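Protein chains: 2
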Amino acid sequence: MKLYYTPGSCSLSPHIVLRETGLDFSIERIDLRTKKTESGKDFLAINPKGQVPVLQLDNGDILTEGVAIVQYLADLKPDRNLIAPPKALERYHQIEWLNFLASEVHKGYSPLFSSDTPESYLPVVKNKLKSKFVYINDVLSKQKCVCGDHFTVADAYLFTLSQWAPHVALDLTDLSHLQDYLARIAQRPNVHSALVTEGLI
Amino acid sequence: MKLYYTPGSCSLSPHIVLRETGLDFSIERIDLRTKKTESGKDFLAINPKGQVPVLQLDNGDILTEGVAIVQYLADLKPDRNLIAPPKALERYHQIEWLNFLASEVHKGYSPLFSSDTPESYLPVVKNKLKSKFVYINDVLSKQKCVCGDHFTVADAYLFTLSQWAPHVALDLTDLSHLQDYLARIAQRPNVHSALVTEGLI
Ligand SMILES: *SC[C@H](NC(=O)CC[C@H](N)C(=O)O)C(=O)NCC(=O)O
Ligand SMILES: *SC[C@H](NC(=O)CC[C@H](N)C(=O)O)C(=O)NCC(=O)O
């Protein structure tokens, strides 16, 4: 099981999940500029969409899209409780949150990382994004995690998306519930070890 | 089971799926401008995020996010084959496509429907979007549907997202594989009947 990643990218989410499940895996750094693996192979041949994360299964199959990857992983180790059982109501609310984070938050960052974005539009984009974290902050005021009382794959995803905030000058320091939650998630051995292995920390 | 929708919106996807599964449901039109149901109730009390689709379950629970809604629906009628069984490999590739459509295509339209978007940025956004459909078109050249040989919930979603193309002057007429696929999907009784019931056709 190999994970194609780029340090500090959205591939940190499946990286955290891989450690939290205790599965046997290997990672391979991808260079998003040249689209080449650290071993010199063409990454477009692996994933035509040219992005990370990408999970290579032991049988050879390739899986793209982070939300699909973390569900496949968590489903392999039911006993970890990183996702609810299939067909359970709690599972659909998790899927619901994974989609909210992928389309509203994750994709909300995109224009802030693009060079072709009008400097006059940046303020507008940043505000749309903060309104998203404000919603998340309100939710974290009556519960310990985004989907409930325990740590799930959606939490791994949110910690990852929160990390970028400083790099694009998005202020989230007024969101104390979110700030306390981030601090907690960061002291988890499996999360901390993921950051170390990637060169952050 | 009630579906909160707006004619021709992204809520057409779960609408098509509800008919394809043959479940007992009702629909209620939402006014996105005033955020009020057609029965005069405050929609923000139902869905704080203020968007459609929204599915009200018989037990009272509320489900948001289209990708979560269509999975919950299809999972209720395994025999229809609108999604693969949970934990099956085919299921994760479907989840993978549902995420691609939600974050890369669906969210890719967003700036084209916003009034606060610089007219100079529109060309850039449109091109990013077409590159997405070009990828989808290539895929449809060696298979009948987006995820395989049969009709799944991801197909209901793509037909829905393709419908908007003309309204934002996005040309997809050079994508013959996509054009033939759309024509096929449209002649399905359950899809056709969804369009009629919504005022399109
Ligand atoms: S975070 C790094 C970028 N990945 C994605 O945007 C993944 C999007 C998928 N829809 C998903 O996994 O959810 C990335 O690798 N971008 C490539 C680049 O060239 O910047
Ligand atoms: S398509 C109509 C709009 N819905 C969404 O954007 C849903 C986004 C979710 N992430 C999802 O369901 O996938 C909508 O209702 N917009 C509200 C408005 O005021 O325009």
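Quick mapping for you: the protein sequence lines, in order, are chains D and A. Going letter by letter, the first sequence gives residues 1 to 201 in the working numbering. Going letter by letter, the second sequence gives residues 1001 to 1201 in the working numbering. Quick reminder that beta carbons are idealized off the backbone N, C-alpha and C, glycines included.
Inset, instruction - Compute every distance between the C-beta of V134 (chain D) and the non-hydrogen atoms of ligand 2, then say whether any falls below 8 Å. - result: no
Inset, instruction - Could you tell me which residues DSSP puts in a beta bridge with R1029 (chain A)? - result: In DSSP, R1029 (chain A) forms a bridge with A:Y1005.
Inset, instruction - Below 7 Å between beta carbons is the criterion; list the residues of the segment 60 to 77 of chain D that meet it against any residue of chain A, in chain order. - result: Within the segment 60 to 77 of chain D, the qualifying residues are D61, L63, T64, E65, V67, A68, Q71, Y72 and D75.
Inset, instruction - Please say whether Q1056 (chain A) and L1032 (chain A) have beta carbons closer to each other than 9 Å? - result: The beta carbons of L1032 (chain A) and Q1056 (chain A) sit no closer together than 9 Å.
Inset, instruction - Answer yes or no: does any C-beta atom of chain D fall closer than 9 Å to that of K1107 (chain A)? - result: At least one chain D Cβ lies under 9 Å of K1107 (chain A).
Legend entry - Same chain, Cβ closer than 7 Å to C1145 (chain A), neighbours up to 5 away in sequence not counted: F1151, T1152 and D1155
Inset, instruction - Look up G1199 (chain A) in the DSSP assignment and say whether it is helix, strand or coil. - result: In this structure, DSSP gives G1199 (chain A) a state outside helix and strand, which the three-state scheme calls coil.
Inset, instruction - Check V1191 (chain A) in the structure and name its three-state DSSP category. - result: helix
Inset, instruction - Look at the alpha carbon of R19 (chain D) and the alpha carbon of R1080 (chain A), and state the distance between them as a whole number of angstroms. - result: Rounded to the nearest angstrom, the two C-alpha atoms are 37 Å apart.
Inset, instruction - Examine ligand 2 and report whether any of its heavy atoms sits within less than 8 Å of the Cβ of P1007 (chain A). - result: no
Legend entry - Neighbourhood of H1177 (chain A) by C-beta, 6 Å cutoff - its chain only, sequence neighbours within 5 removed: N1137, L1140 and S1141
Inset, instruction - Check the Cβ-Cβ distances between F100 (chain D) and every residue of chain A, and say whether any is below 9 Å. - result: By the rule that beta-carbons nearer than 9 Å mark a contact, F100 (chain D) touches chain A.
Legend entry - Near-chain D residues of the segment 1078 to 1099 of chain A - C-beta to any C-beta below 7 Å: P1086, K1087, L1089, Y1092, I1095, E1096 and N1099
Legend entry - Integer Cβ distance of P1007 (chain A) from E1198 (chain A), believed to fall under 8 Å: 5 Å
Legend entry - Burial state of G1060 (chain A), where buried means 16 or more other Cβ atoms lie within 10 Å: exposed
Inset, instruction - Let me know the secondary structure DSSP gives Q1143 (chain A) once reduced to three states. - result: coil
Legend entry - Spatially closest choice to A169 (chain D) from D:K41, D:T64 and D:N127, by CA coordinates: D:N127
Inset, instruction - Tell me, to the nearest whole angstrom, how far the beta carbon of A74 (chain D) is from that of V17 (chain D); I am working on the premise that it is less than 8 Å. - result: 6 Å
Inset, instruction - Answer yes or no: does any C-beta atom of chain A fall closer than 9 Å to that of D116 (chain D)? - result: yes
Legend entry - Within chain D, partners of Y1121 (chain A) - CB distance below 7 Å: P118 and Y121
Inset, instruction - Compute the distance between the beta-carbons of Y121 (chain D) and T1117 (chain A), then report whether it is under 9 Å. - result: yes
Legend entry - Cα-Cα separation, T1160 (chain A) to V196 (chain D): 43 Å
Inset, instruction - Starting from the beta carbon of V1168 (chain A), find every residue of chain D whose beta carbon is closer than 9 Å, and list them in chain order. - result: Per Cβ cutoff of 9 Å: no residues; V1168 (chain A) is ~18 Å from chain D at best.
Inset, instruction - Give the secondary structure of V70 (chain D) by DSSP, where H, G and I count as helix, E and B as strand, and everything else as coil. - result: Three-state result, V70 (chain D): helix.
Legend entry - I27 (chain D) burial status per 10 Å Cβ neighbour count (16 or more: buried): Per the 10 Å Cβ criterion, buried.
Legend entry - Three-state class that DSSP yields for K36 (chain D) in the structure shown: strand
Inset, instruction - Assign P1048 (chain A) to one of two classes, buried (16 or more other C-beta atoms within 10 Å of its C-beta) or exposed (fewer than that). - result: exposed
Inset, instruction - Check whether the Cβ of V67 (chain D) sits closer than 8 Å to any heavy atom of ligand 4, and report yes or no. - result: Annotation note on ligand 4: not contained in the displayed structure, which lists ligand 1 and ligand 2 as its ligands.
Inset, instruction - Please report how far the alpha carbon of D149 (chain D) lies from the alpha carbon of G22 (chain D), in whole angstroms. - result: 21 Å
Inset, instruction - Please confirm if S1013 (chain A) has its CB atom under 9 Å from at least one CB of chain D. - result: no
Legend entry - Cross-chain neighbours of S1162 (chain A) in chain D, by beta carbon under 9 Å: Correct list: empty, because the minimum Cβ distance to chain D is about 18 Å.
Legend entry - CA nearest to the CA of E90 (chain D), picked from A:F1100, A:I1069 and A:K1077: A:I1069
Inset, instruction - Output yes if chain D places a C-beta closer than 9 Å to the C-beta of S1141 (chain A); else output no. - result: no
Legend entry - chain D contact residues for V1146 (chain A), given Cβ-Cβ distances below 9 Å: In chain order: nothing, as chain D lies at least about 13 Å away.
Inset, instruction - Please list the residues of the segment 1015 to 1029 of chain A that have a C-beta atom closer than 8 Å to any C-beta atom in chain D, keeping them in chain order. - result: The segment 1015 to 1029 of chain A vs chain D, Cβ under 8 Å: nothing.
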